[PDB]
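Visitor: first chunk of the complex, coordinates as they sit in the assembly:
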Amino acid sequence: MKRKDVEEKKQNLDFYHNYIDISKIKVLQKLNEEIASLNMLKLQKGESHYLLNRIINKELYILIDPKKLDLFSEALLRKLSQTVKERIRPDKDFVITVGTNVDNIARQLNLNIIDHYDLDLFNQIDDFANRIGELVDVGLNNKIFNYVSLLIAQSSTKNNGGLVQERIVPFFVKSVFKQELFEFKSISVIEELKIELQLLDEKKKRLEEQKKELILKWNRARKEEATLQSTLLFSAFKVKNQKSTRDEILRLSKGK
């Protein structure tokens, strides 16, 4: 553990500290772009609803688990668990889940699982919509269910931190359904970016504390090494001065 390794660790920590700020800038730009896209989609969806309304003139619970599994994810998972326990009647409602965790939560409550998917299918919003919209149409056409809603194990800065959820059904229909699903996905992505900003802000402090600990340890080792080296050198010196010390002691003890 020499000064070279300490310097290399220091420069690596500095590089990561700067890259965190750069990533923060990039994530802010991405968030602004997604906000603009969501606003445009909301305007188009409102126009589409108006035009459809002029043209015309048991619940399905879809559950999605978080992307990762950290302490925040576990807390959100257990809150989603109590929300399920307080907002589902198994004898009358049907629950479709994607992800191992929400699938287990549905299993433990003996709910009726329509099907089980892989979580990464949610990443492709187009395929996700093209699949579950047709499934929901086939369902509500048979009157097996007439209420459809979406819940995610994820926090929203608008609801004072509560979970994101939306009751899509009940309110050319398929285009409106796709637009609503796209809006839900965009809201989720916006919330995720807003959380990511604070996560980066935390990582910066973690790096700083790591640097402080490393510097303390390095200095603590260096001082001991230097002291031991100096003591060895002077012991090697003072071995050769024994005779003069003994002579001086004897002369002092002889008397006068």
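Guide: Okay, I see it. Numbering: from 1, shown residues only, chains lettered A, B, ... in the order given.
Visitor: Which residue ranges of the stretch 101-250 of chain A form strands?
Guide: Applying DSSP state E, counting those that start in this stretch to the stretch 101-250 of chain A gives strands spanning A:112-117, A:147-155, A:163-169.
Visitor: In a markdown table: these, plus mean neighbour count and distance to residue A:233.
Guide: Yep, even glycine has a C-beta here, placed from its N, CA and C like the rest. Listed next are the strands of the stretch 101-250 of chain A as a markdown table, based on neighbours: other C-beta atoms under 10 Å; distance: least, C-beta to C-beta, whole Å:
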| stretch | mean neighbour count | distance to residue A:233 |
| --- | --- | --- |
| strand A:112-117 | 14 | 72 |
| strand A:147-155 | 21 | 62 |
| strand A:163-169 | 16 | 68 |
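Visitor: So which of those strands is nearest residue A:214?
Guide: Among the strands of the stretch 101-250 of chain A, strand A:147-155 comes nearest to residue A:214, with 33.6 Å by C-beta to C-beta.
Visitor: Need the residues that contact the closest one.
Guide: The contact list for strand A:147-155 (C-beta atoms under 8 Å, 6 or more residues apart in numbering) reads A:58-66, A:72-73, A:76-77, A:79-80, A:83-84, A:101-102, A:136, A:140, A:161-170, A:184, A:188, A:191-192, A:195.
Visitor: let's bring in chain B now:
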Amino acid sequence: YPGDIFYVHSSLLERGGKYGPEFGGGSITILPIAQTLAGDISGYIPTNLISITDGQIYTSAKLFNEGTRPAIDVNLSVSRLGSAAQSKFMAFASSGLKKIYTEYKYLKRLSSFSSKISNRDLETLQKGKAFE
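Guide: Adding chain B to the chains above:
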């Protein structure tokens, strides 16, 4: 320390073991105790002794402050005799559990891109949590 500090201990701890019937027939079991500083197990005396002894029981301050008692870190502990120091039923009951605990710790630390866990890894996690 002086340079003798290894021998000073080795010639001591070598005075124990299991002996044959023609030389006393008994057995001396030794349990020496050593203190580490800030969890640094790679100190001079601590390592000199890990080299003279036949194993180690490492007590963790992190586990002690968390309420675990005894605060033994099984991941950092080892016995070099293994099942040879156990009876047959005890050897069969715990034939391969330490490797499972090591794998469980490794899997808990490891970070992967896939959001799903393979079933063998899930079984290992269950067994490790139950073992704890």
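Visitor: what's the neighbour count on whichever residue of the stretch 51-200 of chain A sits closest to chain B?
Guide: Evaluated by C-beta to the nearest C-beta, the stretch 51-200 of chain A has residue A:119 as its residue closest to chain B, separated by 4.9 Å. Other residues lying near residue A:119 total 19 when counted by other C-beta atoms under 10 Å in any protein chain shown.
Visitor: How about it, nearest residue that isn't a chain neighbour?
Guide: In space, and not counting its chain neighbours, residue A:119 is closest to residue A:99: 4.3 Å by C-beta to C-beta, 6 or more residues apart in numbering or on different chains.
Visitor: Next, that neighbour: phi, psi?
Guide: Taking degrees, to the nearest 10, you get phi 110, psi 140 for the backbone angles of residue A:99.
Visitor: Counting neighbours, what do you get for it?
Guide: Neighbour count of residue A:99, defined by other C-beta under 10 Å: 24.
Visitor: just to revisit the earlier point, the residue of the stretch 51-200 of chain A closest to chain B contacts residue A:101, correct?
Guide: No: the criterion here is C-beta atoms under 8 Å, and residue A:119 misses it with residue A:101 at 9.0 Å.
Visitor: Common neighbours of these two, please.
Guide: Contact criterion C-beta atoms under 8 Å, 6 or more residues apart in numbering or on different chains; residues shared by residue A:119 and residue A:101: residue A:65.
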